[PDB]
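*Asks:* Mind folding the following:
(9 chains, ligands or ions: 14)
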Amino acid sequence: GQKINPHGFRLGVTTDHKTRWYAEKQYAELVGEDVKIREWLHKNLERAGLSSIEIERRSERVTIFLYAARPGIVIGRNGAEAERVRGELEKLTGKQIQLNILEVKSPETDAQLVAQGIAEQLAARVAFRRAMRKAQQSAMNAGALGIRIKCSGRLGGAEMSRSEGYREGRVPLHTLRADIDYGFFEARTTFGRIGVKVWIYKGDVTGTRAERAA
Amino acid sequence: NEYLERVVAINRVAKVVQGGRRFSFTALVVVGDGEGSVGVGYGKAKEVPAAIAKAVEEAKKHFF
Amino acid sequence: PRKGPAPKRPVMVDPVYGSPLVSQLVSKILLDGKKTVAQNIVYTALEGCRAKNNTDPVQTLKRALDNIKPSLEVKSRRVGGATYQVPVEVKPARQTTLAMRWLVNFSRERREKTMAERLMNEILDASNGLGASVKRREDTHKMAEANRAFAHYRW
Amino acid sequence: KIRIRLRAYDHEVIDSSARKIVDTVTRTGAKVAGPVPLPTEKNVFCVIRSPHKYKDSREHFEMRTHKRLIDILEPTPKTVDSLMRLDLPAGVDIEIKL
Amino acid sequence: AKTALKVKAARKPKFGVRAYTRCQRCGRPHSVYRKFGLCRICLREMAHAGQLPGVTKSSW
Amino acid sequence: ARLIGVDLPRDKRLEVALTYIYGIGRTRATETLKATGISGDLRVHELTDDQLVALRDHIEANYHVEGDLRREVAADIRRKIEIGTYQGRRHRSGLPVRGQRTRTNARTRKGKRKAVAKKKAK
Amino acid sequence: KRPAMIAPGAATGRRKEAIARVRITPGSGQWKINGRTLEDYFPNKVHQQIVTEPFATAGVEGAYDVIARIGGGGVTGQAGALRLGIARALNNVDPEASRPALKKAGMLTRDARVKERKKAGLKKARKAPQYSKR
Amino acid sequence: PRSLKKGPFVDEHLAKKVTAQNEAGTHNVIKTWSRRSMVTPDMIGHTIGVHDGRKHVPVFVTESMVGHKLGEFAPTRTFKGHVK
RNA sequence: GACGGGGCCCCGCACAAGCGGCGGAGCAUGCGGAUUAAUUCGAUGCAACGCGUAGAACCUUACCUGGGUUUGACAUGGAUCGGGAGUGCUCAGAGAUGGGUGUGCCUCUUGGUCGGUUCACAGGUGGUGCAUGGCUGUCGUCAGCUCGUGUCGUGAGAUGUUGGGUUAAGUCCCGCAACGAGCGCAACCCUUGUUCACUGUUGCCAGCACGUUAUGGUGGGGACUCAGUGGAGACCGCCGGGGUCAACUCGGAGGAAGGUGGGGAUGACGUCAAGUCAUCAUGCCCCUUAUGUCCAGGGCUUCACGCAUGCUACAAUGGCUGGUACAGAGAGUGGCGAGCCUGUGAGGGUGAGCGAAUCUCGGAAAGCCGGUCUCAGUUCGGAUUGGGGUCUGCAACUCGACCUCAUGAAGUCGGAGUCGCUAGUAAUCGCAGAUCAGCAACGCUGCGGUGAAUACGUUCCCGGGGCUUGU
Ligand SMILES: CON(C)Cc1ccc(O)c2c1C[C@H]1C[C@H]3[C@H](N(C)C)C(O)=C(C(N)=O)C(=O)[C@@]3(O)C(O)=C1C2=O
Ligand SMILES: [Mg+2]
Ligand SMILES: [Mg+2]
Ligand SMILES: [Mg+2]
Ligand SMILES: [Mg+2]
Ligand SMILES: [Mg+2]
Ligand SMILES: [Mg+2]
Ligand SMILES: [Mg+2]
Ligand SMILES: [Mg+2]
Ligand SMILES: [Mg+2]
Ligand SMILES: [Mg+2]
Ligand SMILES: [Mg+2]
Ligand SMILES: [Mg+2]
Ligand SMILES: [Zn+2]
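*Replies:* Numbers count the residues shown, from 1 in each chain, chains lettered A, B, ... in the order given. Ligands and ions are numbered 1, 2, ... in the order given. Structure as follows:
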């Protein structure tokens, strides 16, 4: 209701932009194609689980990094699904797409995949308290310094809306040098949708671009 | 398991604050061996399982 | 304020006449943030003063300020179900401020055409002992004397 | 002689690219004027924070364009080929004025 | 916005003066920036999420 | 009765005494003075009859002034009324004609506020 | 106690978004700011005192020339920047005989008072729109 | 108003209808939605039903109409007064 | 817990001390009401009302009248007949659309692309913000809100988190059945104030050489300024007093800056079923030859009225006029446009230069100086109204800005009441940008110029904080 997006707040300070290209007469159209690419990938690759889509451009050539928990779905069998998604990408944009798919080392520590899993459980009608506790426990088993999960909506299929949350460890949202990964997802239930937000305090980062990306 | 227990009663207690009411759960547990040692535990938490577990672990140290 | 007495900005001196009084006068005229206009008015008034009398314009301004300086003034008090007018002595800085404010306001209220020698006329009249500023000083002193019975409410 | 204009949004990558260019041309001889920083373009966007009826609370954003300039005093066609063939990060562009 | 309105805005508007912008992600017709398309809300959320290069919060 | 139908006020500069005439403004008076070759910074009470009548002749020859222009303006408004344009209808209604807003003030045409009683809340 | 030293020198002055390049040199004490003289560039005695008084509070007096290049700001800000520049020039020329009095007079200090920025929801830096309950 | 060097704007179908009416007899009512058009002498003495939003109100164009738009004579709002 | 016309202790432009306003006048703008075929919808004490609107003549547009359309204006998938689709010119029409006429797939024997007939289906700014997600206001930059374990009590619960001192701060210090931790405070970030190193164009010009007279125009220069990267710098760190002490506090030195240096970003647990189904998303309900959808015209701009936010004023600290200084921050290729010519001017015609530290917007205005007006409802004010125009646009009637000529309204400083502000602030002065063909922008977000008065103080008014007392 009154809290800033952690990623936007720390943008430029500790975290970095997901798109890296420069253009001053086409800026809008490149933004539009980027929006198309991201919407298409999110709508057609829910099963894989998307941490982030990172877009680069050099000269009429687009490069897409897809950070996914299980790239098995993206690659299909011997890269057949990768080739088909690349082909759909040329069909959508009209440019030369170089697509590479990367793992997430700790999916239980990346907040976006954590929200993915919690929303999936809520859609599959798992008790929200049990789901949140499982995600929290898994995050601290991995070794995050602080978890915070909040599920808002018609939790448990009720009529009134609730805002149930869990947290322990430390999550200093106000600290800019604090490396806080933020994820959000929406569980699509037979009763509207539940908003699941996850903050994960990875640790403290210095400068020079977080040690120039460590 | 090793020690047999019953949850006697659970209650939803609340604390009124400026925003509203801060609800909480209280748990009565009775844990015994079935052969002569028994104890009762009272548990306070925000959640039923946490209150029950706190009550059980508090009752363990009250076996007579 | 609650915290305590806020610091006062030091008063500068007039480059021409070398007196903080004229700087305070121009800063009191000082309408709309036009320092140059205000001190053009003030210098014109002081030069008119030295024209009409041989004495120094800064000295005649000082004499006017002493003739308009109030010694005590009454303030509202909320004791009981009726308001009182408690007389309070006036510190030198406060009374200089009051004299300057009254001088400027009554100069603005004078009937003559231009502000410069409306203020000049008011200054000369006050230095002599006449004018609306001196009348207001006398009236405030008179009302303080009338309400002098509440000098024991001072805190 | 031979202008190189570098423009990006991050001064770290600007500086790294300028250092790479100057060290390349130098590795190919060609003494070259130091990277001089041009004033940064500073675009500002103010946006109503809320989606509805809340105008007094707003959010401000900037798009800072950092620009650096390089002069290649020595013609050095070998450096010409090097500067046309090397690779630069995607965020920064290059403008070569012959 | 309505889909018919979005497609009508996308298509050439007979007369030149009759064209307008529309949020290219959102369809919103009000407060659309020429620099990068989008709109008020779309700009705010995408800048926060970091898909707009060079765009960061300003606190000068 | 100094000029055409108006008396120029004494002790006032000619350049504005001319503007005191209906149909004559600041620039019209300035032109008139430059055409007649008469200074504009001298008071009206020093005005010889020859230059006065030269000024009168120039004004009468070049400019619609006083009764003529007033009748022309009234005729224009009456023509709008009788043709029935939107502007004419607004003129008859005594309401702003040049697309001014009428919801809030329109006061210089609607006159003084004749406040009316309205519905009373509970 | 010593009447300082004459000696050439130079410095820079800044005040309220105005830059003052000052070069003080031995001479008669005349002025030339941006080519034009003092009485031309600072046409009125409103704020000639603020730029002349560094010499008055120093041992040297109006027998010591100065050349000023002034940019940015308004007339008063330029005056303040020029005053600070002259004060700094006298400082770094004679940092022992003029330093104590020159600093005590509050002149080897640059006031950071700059126009505060406008803020959203407010008419000016601090002025607020007229509150209207009901 | 419209620039003089661009000439008056007649909506190019009102013009053709009034010209046809002139050729075949100046006796008919010409129904149009062209409030946008400029009255011209060539249509003087005609009757034109100008749309006003919901009905084609007829105006008989006279000599003095010429310097006006067709829509000036077809009021779009009805007021009649507040209260009654 | 909350509240108290209970106490003690506190804090905030909350008063007080001040300065300038609003409420009166004209206009601009939003809204209520009324009106209307429609005056689309949302916002309603603070925290709705120059708010969604960072741009309503068409469009936008969601509304109204009327004219069209029905797998639909737009998606995705199966079949089925196909080769053009898609378009140029013409005709009819307000247009939608319909009729002409020209042009007419690339592979291949089975694709891209479209067609119908269907079939599935689409579409909805239709309902519900008390079904919701998201986002936001708000109390509130307020100093707080809690947890683990222990302990006390049958229990809710308490302790920590009370007390003494201090702080902007639950900031610390002392004691203490508490010992700890977390979210808030602070700091890390941006900007501004000092300085160093590095670099030197499109920036700068101290010393050197010419330049058309002239312009850092020129070779050149790292000095100065600036540009922008990386450092330094402030920490009650030093000195003295107070403070057992201890936190803190006072004074001083050094210093550009001293006790948080100024400003921004940042809004704890939660409250208001607060706003938003109309940005988007979505549960359920509703519409489906219509609540979809296309088009022209109209409306969102109405006007007996009421409120609100502003602008211009009521003049001489001013008006008019000639001359003459000093900015910052920004924008620009369907763009910014210099120069010259033309016009009273808006502008027009030519038209370099610049994708821009280069070129253009460009003039800064207030101010200073000379002249003039002389207290006049005016040489104040510029509303309204009449004439003649310019530009943008398919098109300025409803309903644009601007120029010019004429006209010259109320207004003499505004009732009860009410608002903002503690310093480069208020007050005023101009400038730029977003949206944008144009613009009703006086709005909004920024930018610099000039530049105050006052704060004894907490008694009173409003909001809030700690503890305690009563219910
Ligand atoms: C009417 O339906 N029943 C009776 C209850 C009701 C049911 C469903 C709703 O969705 C709302 C309401 C009550 C209204 C009251 C609104 C009102 N407001 C419009 C001025 C108001 O007085 C305040 C306020 N000052 O705080 C509110 O709370 C308010 O806005 C609000 O939330 C409301 C709702 O939407
Ligand atoms: Mg448009
Ligand atoms: Mg007060
Ligand atoms: Mg008023
Ligand atoms: Mg409405
Ligand atoms: Mg609705
Ligand atoms: Mg509600
Ligand atoms: Mg709500
Ligand atoms: Mg509502
Ligand atoms: Mg903070
Ligand atoms: Mg809906
Ligand atoms: Mg409206
Ligand atoms: Mg303050
Ligand atoms: Zn949008």
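
*Asks:* ok, how many other residues are close to the nearest residue to residue F:66 once chain neighbours are set aside?
*Replies:* Spatial nearest neighbour of residue F:66, excluding adjacent residues (Cβ to Cβ, 6 or more residues apart in numbering or on different chains): residue F:5 at 4.5 Å. In this view, the C-beta of every residue, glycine as well, is placed from N, C-alpha and C. When neighbours are defined as other Cβ atoms under 10 Å in any protein chain shown, residue F:5 has 13 of them.

*Asks:* any idea how far chain F is from residue D:66?
*Replies:* 49 Å (Cβ to the nearest Cβ, to the nearest Å).

*Asks:* scratch that, residue D:61 is what I was asking about
*Replies:* Per Cβ to the nearest Cβ, residue D:61 is found 36 Å from chain F.

*Asks:* For beta bridges, what are the partners of that residue?
*Replies:* Beta-bridge partners recorded for residue D:61 (DSSP bridges): residue D:45, residue E:57.

*Asks:* and the residue nearest to residue F:66, what helix or strand is that in?
*Replies:* Under the criterion of DSSP states H and E, residue F:5 resides outside all helices and strands.

*Asks:* Residue F:67 is in contact with that one, correct?
*Replies:* Yes - between residue F:5 and residue F:67 a contact is recorded at 6.4 Å, counting by Cβ atoms under 8 Å.

*Asks:* residue of chain C with the smallest distance to chain A?
*Replies:* Closest to chain A within chain C is residue C:3: 26.8 Å, counting by Cβ to the nearest Cβ.

*Asks:* Mark out where each domain of chain F begins and ends.
*Replies:* F:14-62, F:84-110 (automatic domain parsing).

*Asks:* nearest residue to residue C:77 other than its sequence neighbours?
*Replies:* residue C:84 (4.1 Å).

*Asks:* residues in contact with the one you found?
*Replies:* C:76-77, C:147, C:150, C:153 (Cβ atoms under 8 Å, 6 or more residues apart in numbering or on different chains).

*Asks:* Inside strands: which ones of those?
*Replies:* C:76-77 (DSSP state E).

*Asks:* just to revisit the earlier point, look up phi and psi at the residue nearest to residue F:66.
*Replies:* When read as degrees, to the nearest 10, the backbone of residue F:5 gives phi -140, psi 10.

*Asks:* if I look at the closest residue to residue H:40 other than its chain neighbours, how far off is chain E?
*Replies:* Closest residue to residue H:40 apart from its sequence neighbours, by Cβ to Cβ, 6+ apart: residue H:10 at 6.0 Å. Separation of residue H:10 from chain E (Cβ to the nearest Cβ): 18 Å.

*Asks:* Verify the contact between residue H:10 and residue H:41 for me.
*Replies:* No - Residue H:10 lies out of contact with residue H:41 (Cβ under 8 Å); the separation is 11.3 Å.

*Asks:* So for those two, which sits in the more crowded spot?
*Replies:* Shown here are residue H:10 and residue H:41; by other Cβ under 10 Å, residue H:10 has more neighbours (19 against 10).

*Asks:* check which helix or strand covers the more buried one.
*Replies:* Per DSSP H and E, there is no helix or strand for residue H:10.

*Asks:* Now it: phi and psi?
*Replies:* Residue torsions, per degrees, to the nearest 10, at residue H:10 are phi -110, psi 140.

*Asks:* With the one 5 residues further on instead?
*Replies:* The phi and psi values for residue H:15, taken as degrees, to the nearest 10, are phi -60, psi -50.

*Asks:* For residue C:86, see how far away it is.
*Replies:* Separation of residue H:15 from residue C:86 (Cβ to Cβ, to the nearest Å): 89 Å.

*Asks:* Tell me which of these two has more neighbours.
*Replies:* residue C:86 (21 against 16).

*Asks:* Can you name the residues bridging to the more buried one?
*Replies:* Applying DSSP bridges, one finds that residue C:86 bridges with residue C:75.

*Asks:* how near is the residue of chain H found nearest chain G to residue H:76?
*Replies:* Minimum separation of chain H from chain G (Cβ to the nearest Cβ) falls at residue H:82, amounting to 26.7 Å. Separation of residue H:82 from residue H:76 (Cβ to Cβ): 19 Å.

*Asks:* Looking at those two now, which is surrounded by more residues?
*Replies:* More neighbours surround residue H:76 than the other of residue H:82 and residue H:76, with 12 against 6 (other Cβ under 10 Å).

*Asks:* sec struct for the more buried one, please.
*Replies:* Secondary structure state of residue H:76, per DSSP: H, G, I helix; E, B strand; the rest coil, is coil.

*Asks:* how close does it get to residue H:58?
*Replies:* 16 Å.

*Asks:* Tell me how many other residues crowd the residue nearest to residue A:15 when sequence neighbours are not counted.
*Replies:* Spatial nearest neighbour of residue A:15, chain neighbours left out: residue A:7 (5.8 Å); criterion: Cβ to Cβ, 6+ apart. By other Cβ under 10 Å, the residues close to residue A:7 number 19.
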